[PDB]
Amino acid sequence: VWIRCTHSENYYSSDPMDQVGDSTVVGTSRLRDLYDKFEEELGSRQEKXXXXXXXXXXXXXXXXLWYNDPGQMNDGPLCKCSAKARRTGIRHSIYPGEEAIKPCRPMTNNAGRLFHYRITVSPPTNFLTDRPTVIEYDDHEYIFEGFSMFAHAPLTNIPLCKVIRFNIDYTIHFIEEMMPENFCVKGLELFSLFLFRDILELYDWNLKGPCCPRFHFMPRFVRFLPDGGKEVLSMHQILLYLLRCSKXXXXXXXXXXXXXXXXXXXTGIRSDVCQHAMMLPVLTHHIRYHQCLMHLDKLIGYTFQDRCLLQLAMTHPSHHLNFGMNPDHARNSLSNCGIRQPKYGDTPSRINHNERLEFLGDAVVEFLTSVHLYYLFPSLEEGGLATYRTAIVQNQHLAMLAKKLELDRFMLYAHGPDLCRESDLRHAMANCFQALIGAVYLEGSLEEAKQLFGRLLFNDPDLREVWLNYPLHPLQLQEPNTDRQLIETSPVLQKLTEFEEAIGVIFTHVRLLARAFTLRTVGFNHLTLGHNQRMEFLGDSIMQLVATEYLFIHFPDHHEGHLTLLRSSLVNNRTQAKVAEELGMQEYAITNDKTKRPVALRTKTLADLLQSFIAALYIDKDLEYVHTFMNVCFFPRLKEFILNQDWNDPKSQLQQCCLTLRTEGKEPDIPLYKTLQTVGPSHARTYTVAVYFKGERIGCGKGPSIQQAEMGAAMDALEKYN
Amino acid sequence: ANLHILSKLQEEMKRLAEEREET
Amino acid sequence: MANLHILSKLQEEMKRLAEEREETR
Ligand SMILES: [Zn+2]
Ligand SMILES: [Zn+2]
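Residues numbered from 1 in each chain as written, not as in the entry; some residues may be left out. Chains lettered and ligands numbered in written order. Heavy atoms only, no water. Residues with missing side-chain atoms left out of burial classes, pairs and counts.

Looking at the entry header, you'll see X-ray crystallography listed as the method and 3.20 Å as the resolution.

Laid out in structure tokens, this is it:
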């Protein structure tokens with residue numbers, strides 16, 4: 001596949017010694033005239049719910065249509081922040097790391113300055129038209145085909161740019177192909193300013209920064225070629241055609257007057273190029289953002305090997321669209337001069353947020369804080385632990401701590417409808433931080449999360465050495481190797497040996513396990529100092545963490561609410577208490593001395609026993625033993641935990657139970673009820689309704705009322721899961 | 001009280017414990 | 001609010017732990 005250009009009609013020159021700089025093709029003394037003609041003849045642009053339409057009354061065009069204003073949205077302005085809020089805002093097109101772009105060359109191209117890429121869109125659903133922008137040159141029809149982009153720097157490491165608009169997840173490919181010669185920067189700027197500003201009223205698109213822009217763009221007109229590649233039409237002919245044609249064959253063509261331009265459904269540019277130009281701001285924003293993320297990597301300390309993960313962690317749910325520039329200008333230009341195939345008559349994505357990684361990062365931060373505050377204060381009870389913890393996990397604190405990573409400069413916070421205070425911004429930083437540390441916890445090891453949060457906590461580097469390097473537990477401190485030596489003359493460990501054999505867990509320091517079973521009744525002892533009210537705290541923390549990770553990984557299509565629900569039904573009081581009772585932790589409990597005649601324990605107490613055992617397991621071992629434990633005693637029984645759960649609603653129970661099903665790629669739907677039979681007289685009525693979850697029928701009910709019938713159907717669908 | 005659950009639990013715990021003994 | 005004082009006390013205790021930490025050396 002080889003790329004080729006049309007001949008240079010004395011305009012361009014490929015002379016070796018007539019080149020200026022690292023240029024290949026130079027513009028002769030015949031291009032300046034054409035440029036002046038194009039500039040003087042096609043430069044006439046700069047020469048000349050009720051309250052919303054009322055405020056648009058000044059110089060109306062046609063219909064109600066929707067024209068674009070420099071800085072304002074469909075309803076009022078698109079900005080209501082501050083003066084210094086410009087340089088710290090990302091919607092204002094201010095990316096950290098972007099400086100002044102050195103001007104390339106006046107006319108002559110820049111092969112040694114511009115890196116060429118070809119921009120296509122897959123799949124082409126809104127690409128090919130019956131009336132494409134076709135220009136004829138040397139007795140050959142040259143058809144339009146995407147855009148060519150010239151960057152002032154290599155992309156090196158940038159992921160795929162995906163964006164959804166026409167209810168289709170489009171992919172803007174930017175394949176580095178051979179560079180079509182015979183072009184000039186001044187000409188590309190002429191066409192860009194004639195299209196992206198004049199014809200298409202696309203203001204508020206800062207490709208510079210308030211001098212050359214960030215990316216150059218050249219139209220592509222291909223004629224195709226046998227036994228080879230294809231031929232690209234040179235720029236001079238593009239200018240010549242756009243100049244000569246600006247003077248059912250008129251069907252599907254874009255016309256402009258002095259609104260901006262409209263697409264005649266009933267200049268020689270049709271609804272082909274315009275539609276293909278509305279994908280460019282998205283790609284440019286994407287590239288620039290991923291280019292400024294390299295300055296984020298040095299702030300974090302950890303370099304993400306997956307840009308998509310970092311971006312998704314930085315994405316904010318305030319983004320209703322994935323477009324680059326102002327949504328108003330985009331939709332307006334798409335509806336006024338976009339593509340529109342002939343008519344015969346003439347559900348948002350919540351998984352693209354950072355709420356997932358926030359849901360994970362909550363458990364991550366919780367776990368780090370819990371563990372560190374646990375080991376660094378072996379004398380402090382549960383009260384001070386929970387106090388410190390709650391004092392740290394606080395959202396305001398997490399926001400102020402998130403500012404140390406300059407997350408406010410890398411966040412994708414969009415402008416709201418009208419209300420946009422500091423609260424939304426700082427809160428956004430707070431959540432996005434948890435998303436970040438969640439992602440770091442995911443890709444990088446847990447130790448990376450420890451290092452991140454630890455380094456971010458204390459400003460003094462002397463305090464970090466203590467926080468990061470927490471000492472072993474007092475019951476592990478006394479005995480370097482193990483407590484197996486102490487078993488021989490142990491009173492309680494003899495009992496716990498059975499508990500070790502029944503689970504197959506051979507504890508290293510049995511003092512921990514003995515502590516985990518020491519109820520709040522007893523005080524202090526030789527075998528165990530204090531009760532397990534600390535391991536209840538730490539236990540709750542590690543349980544929440546592991547469960548959160550499991551539900552995050554094995555349910556990648558469930559949003560925040562679904563994961564929250566499933567976790568609430570996976571790790572609650574009655575559940576872990578039931579597990580604790582099933583393992584038989586009642587008999588191995590430690591209370592009083594001999595006052596406890598029967599083995600009657602409260603449900604909550606059993607829950608505390610399970611949590612404390614998991615904490616002791618984590619301390620004596622690691623998170624793997626915990627994960628295994630919950631993988632045998634919690635996770636696979638998730639569905640079961642919903643079946644024998646407390647009743648509330650057959651519909652809700654069936655919904656949550658069906659929420660466990662093998663979700664593919666589409667978000668999990670809710671059980672659909674379809675009425676089958678409506679029989680009976682005016683008095684009585686026997687309704688027969690069947691449940692349809694994602695097509696397949698699960699159970700069928702027959703009741704006197706519609707709600708009772710569908711509840712009967714839901715119950716029938718719940719009995720089938722037994 | 002289910003002996004089956006603690007049986008499978010003992011199985012996997014023994015499995016992991018013996019897995020860390022092979023490294 | 002109170003969390004500020006709590007965090008302050010935390011920093012103090014960390015300074016104590018660090019002082020003891022290097023005191024061990
Ligand atoms: Zn603003
Ligand atoms: Zn340039």
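Structure's up, so let's keep going.
### Observations concerning the overall build of chain A
If you tally the helices and strands in chain A, you get 28 helices and 15 strands. Taking the principal axes of the C-alpha coordinates as reference, chain A spans close to 105 × 85 × 60 Å. (Helix = DSSP H or I, 4+ residues; strand = E, 2+ residues; numbered from the N terminus.)

### Side note on the pairing of strand β8 (residues 169–175) of chain A
Residue and element names in this part refer to chain A. Note: strand β4 (residues 115–122) against β8, five bridges, orientation antiparallel. The partner of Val-121 across the bridge, within β8, is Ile-172. Relative to β8, strand β7 (residues 161–164) runs antiparallel, the two being bridged by four bridges. Each residue of the ladder has a partner; that of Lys-162, found in β8, is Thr-171. Hairpin connection of β7 to β8: four residues between the antiparallel strands, including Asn-167 at a positive phi of 60°. (Pairing = 2+ DSSP bridges.)

### Looking at the coordination of the zinc ion (ligand 2)
Of the protein atoms, only A:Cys104 (SG), A:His152 (NE2) and A:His216 (NE2) coordinate the zinc ion (ligand 2), at distances of 2.1 to 2.5 Å. Residue classification places A:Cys104 among the buried positions, given a relative accessible area of 6%. (Donors = N, O, S within 2.8 Å, 3.2 Å for Na, K, Ca; no water. Buried < 20%, exposed > 50% of the residue type's maximum accessible area, 1.4 Å probe, protein only.)

### As for the arrangement of the chains
There are two pairs of chains in contact here, and the one with the most contacts is chains A and B. Separated throughout, chain B and chain C approach each other most closely at a C-alpha pair spaced 33 Å apart. (Contact = heavy atoms within 4.5 Å.)

### A few points about the domain arrangement of chain A
The extent of an interface is frequently quoted as the accessible surface area lost upon association of the parts. Residues and elements named next belong to chain A. Assigned domains within chain A: domain 1 (3–7 + 103–247 + 249–336), domain 2 (355–468), domain 3 (485–528 + 545–641) and domain 4 (669–719). Look at where the C-alpha atoms of domain 1 and domain 2 centre, and you get two points 40 Å apart. With 22 residues of domain 1 in contact, the opposing surface of domain 2 contributes 20 residues. Summing the contributions of domain 1 and of domain 2, the shared interface buries around 1900 Å²; its carbon and sulfur component is 73%. Of all residues in domain 1, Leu-299, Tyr-302 and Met-314 give up the largest surface area on contact with domain 2, accounting jointly for 28% of the area buried on that side. In this structure, the connection of domain 1 to domain 2 is made through zero salt bridges. Linking domain 1 with domain 2 are seven residue pairs in polar contact. Ranked by residues supplied to the side of domain 1 that touches domain 2, first place goes to helix α8 (residues 307–314) with five residues. (Domains from an automatic or database assignment. Buried area = accessible area lost by both parts, 1.4 Å probe. Salt bridge = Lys/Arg side-chain N within 4 Å of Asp/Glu carboxyl O. Polar contact = N/O pair within 3.5 Å; in protein donor to acceptor, adjacent residues only side chain to side chain.)

### With respect to the nonpolar core
Residue and element names in this part refer to chain A. Core analysis: the biggest nonpolar cluster contains 133 residues, and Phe-453, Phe-517, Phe-613, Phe-629, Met-630 and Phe-634 have the highest contact counts within it. For this core, the element with the most residues is helix α10 (residues 355–375), which contributes 12 residues. Discounting chain neighbours no more than four positions away, the residues touching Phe-613 are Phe-499, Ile-503, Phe-507, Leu-513, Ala-516, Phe-517, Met-585 and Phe-629. One finds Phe-38, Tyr-117, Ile-135 and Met-218 within the second-largest nonpolar core, a separate group that totals 74 residues. (Core = buried A, V, L, I, M, F, W, Y, C linked by side-chain atoms within 4.5 Å.)

### Notes on the coordination of the zinc ion (ligand 1)
All names here are of chain A. Around the zinc ion (ligand 1), the protein contributes the donor atoms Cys-81 (SG), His-92 (NE2) and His-415 (NE2), at 2.3 to 2.5 Å from the metal centre. Here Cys-81 is found in the loop between α2 (50–54) and β4, whereas its partner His-92 is found in the loop between α2 and β4, with 11 residues between them in sequence. Residue class for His-92 comes out buried when judged on its relative accessible area of 19%.

### Quick word on the interface of chain B and chain A
In this assembly, 13 residues from chain B lie in contact with 18 residues from chain A. Both faces considered, chain B and chain A share a buried interface measuring about 1400 Å² in area, 63% of it formed by carbon and sulfur atoms. Close ionic contact of B:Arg20 with A:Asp622 constitutes a salt bridge, the shortest N to O distance being 2.4 Å. On the surface where chain B and chain A come into contact, there are three residue pairs in polar contact.

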